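Chemist: Have a look at the structure that comes next, please.
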Amino acid sequence: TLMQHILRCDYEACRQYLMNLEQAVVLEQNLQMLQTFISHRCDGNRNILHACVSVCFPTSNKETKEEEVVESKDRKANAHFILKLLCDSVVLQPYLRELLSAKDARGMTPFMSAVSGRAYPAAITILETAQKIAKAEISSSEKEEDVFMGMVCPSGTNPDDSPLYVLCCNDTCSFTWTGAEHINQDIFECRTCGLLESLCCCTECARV
Amino acid sequence: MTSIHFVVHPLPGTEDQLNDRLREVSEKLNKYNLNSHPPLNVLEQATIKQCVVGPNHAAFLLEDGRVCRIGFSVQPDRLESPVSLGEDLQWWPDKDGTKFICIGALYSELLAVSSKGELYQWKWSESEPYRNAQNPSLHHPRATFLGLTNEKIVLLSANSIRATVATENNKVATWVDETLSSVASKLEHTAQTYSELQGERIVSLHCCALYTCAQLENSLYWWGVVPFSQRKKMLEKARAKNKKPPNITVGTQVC
């Protein structure tokens, strides 16, 4: 139910559910309900925070130009509000550590996914949240800077997947400014995708 | 609680077409939030262990031991939910009070195995399952032939054309839909513990219209129909052997 509210971007329903879960914690009742919700997953081994991040992904440049069933405007706004609400809610504070250090089917944390999907607002929200968490658990046997790096770019991660590097690599396709016009640019073939020698992609596409 | 959704995919087809059908289900869950149809709403709070689809009826096995079936049809109006169910759901006429452990389905009949290991037959056209008045534990008329009247079935698998069972004593038995019952003498075999299977327990069965595979503790073993390419290799070898090289006298038998 609550995972669906997240995916449906029903901010009000999410907030009401979190209020009831907070009461559940305070009253020491329905604690299994909270643990069950935390353990919920969708496809890609994505947890609730991963689901929020995926929802926050953009679909068109027209929407960003304007900025400069749920409607796209409300879709993005509510997805961001739900992500931030979950990050701020007292219900999940003890569990946000685990949810943010958890890796999806591609090895990415919610933050790394927000970067990969160009959900920079979501990535910023998550990064702020992550620093809060690592600074809450300084009382543990771990160094503040183990927990933080986990949430952002965990140990054993392929450096080429590093959020900073990826953020620099995430440029747009040349078509967005060249159109179908022919320019002098580096071009690559990719047999994996059927882009044989007659076809080609620009460097940016080859990288991403 | 769970919800029951129906998916149909024209055959032959593709993987991504199928993925799009599933995508449509996801979209409905997150866009419409529609109420589930009455006929199967009783199963929302029930726990389903196994489910099978017959040529005209679906059937469900619950962890509580109950079994039920319901008629269905695929609507051409949405092939161009794609499935519509009748309002009459039929619960297993459990006059014995005996729970079921597994189910399967054949083209002419539904199949089920009780916790006692008894084999049940229930044709889709019948309102009640078969029962032998002279043998209260015989709920399948051909169990005597298979020897399953004295063996506790512990696992079953069956799809349209073929049906296969494992007994607690590891004996395999295999029978076919009544439409092949007249040529089943080359399709079927009684309950036997094949030496190829001895030494390991059967964990589960994977039957299909054409053949069966038994998944055992440390190995896989299969029996049933050969795909077409090997059938051709076999026939070609036979013909070649017959053509390759006559003292014909009175009384000689010839073809």
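Chemist: When the helix-only estimate is applied to chain B (DSSP H runs of n ≥ 4, each -39,500 (n - 2.57), divided by the residue count), what is the mean residue ellipticity at 222 nm, nearest 500 deg cm²/dmol?
Modeler: -5000 deg cm²/dmol
Chemist: Work out the FRET efficiency for residue A:90 and residue B:83 from their Cβ-Cβ distance, taking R0 = 60 Å, and round it to the nearest 0.05.
Modeler: The value I calculate is 0.85.
Chemist: How high is the FRET efficiency between residue B:134 and residue B:206 when r is their beta carbon distance and R₀ equals 51 Å, given to the nearest 0.05?
Modeler: With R0 = 51 Å, the Cβ-Cβ based efficiency is 0.90.
Chemist: Which of B:186/B:241; A:65/A:132; B:95/B:152; A:76/A:103; B:99/B:186 have a Cα-Cα distance over 26 Å?
Modeler: Beyond 26 Å: A:65/A:132; B:99/B:186.
Chemist: Within the stretch A:175-208, find all residues whose amide N lies under 13 Å from a label point positioned 7 Å from the Cα of residue A:160 along Cα-to-beta-carbon.
Modeler: Answer for the stretch A:175-208: A:206-208.
Chemist: Counting other beta carbons within 10 Å of each Cβ, put A:188, A:37, B:100, B:6 in order, fewest first.
Modeler: In increasing order of surrounding Cβ atoms, one gets A:188, B:6, A:37, B:100.
Chemist: Quick check: pseudo-label points 7 Å beyond the Cα along Cα→Cβ at residue B:53 and residue B:98, how many nm apart are they?
Modeler: 3.1
Chemist: Just rank A:165, A:11, fewest to most, by other beta-carbon atoms within 10 angstrom.
Modeler: Fewest-to-most Cβ neighbours within 10 Å comes out as A:165, A:11.
Chemist: Something else: Using a basic spin-label model with each label point 7 Å from the Cα along Cα→Cβ, how many nm lie between residue A:63 and residue A:77?
Modeler: 1.4
Chemist: Continuing with this model, one more query. With a 10 Å Cβ neighbour count serving as the proxy for reagent exposure, in which order, fewest first, do B:195, B:114 appear?
Modeler: Result, fewest neighbours first: B:195, B:114.
Chemist: If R0 is 45 Å, what FRET efficiency do you get for residue B:46 and residue A:45 from their C-beta distance, rounded to 0.05?
Modeler: 0.95
Read the figures in this text as sums done on the coordinates, not as results from a lab. Because the Cβ atoms are built from the backbone with ideal geometry, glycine has one as well, and the counts that use them run over all protein chains shown.
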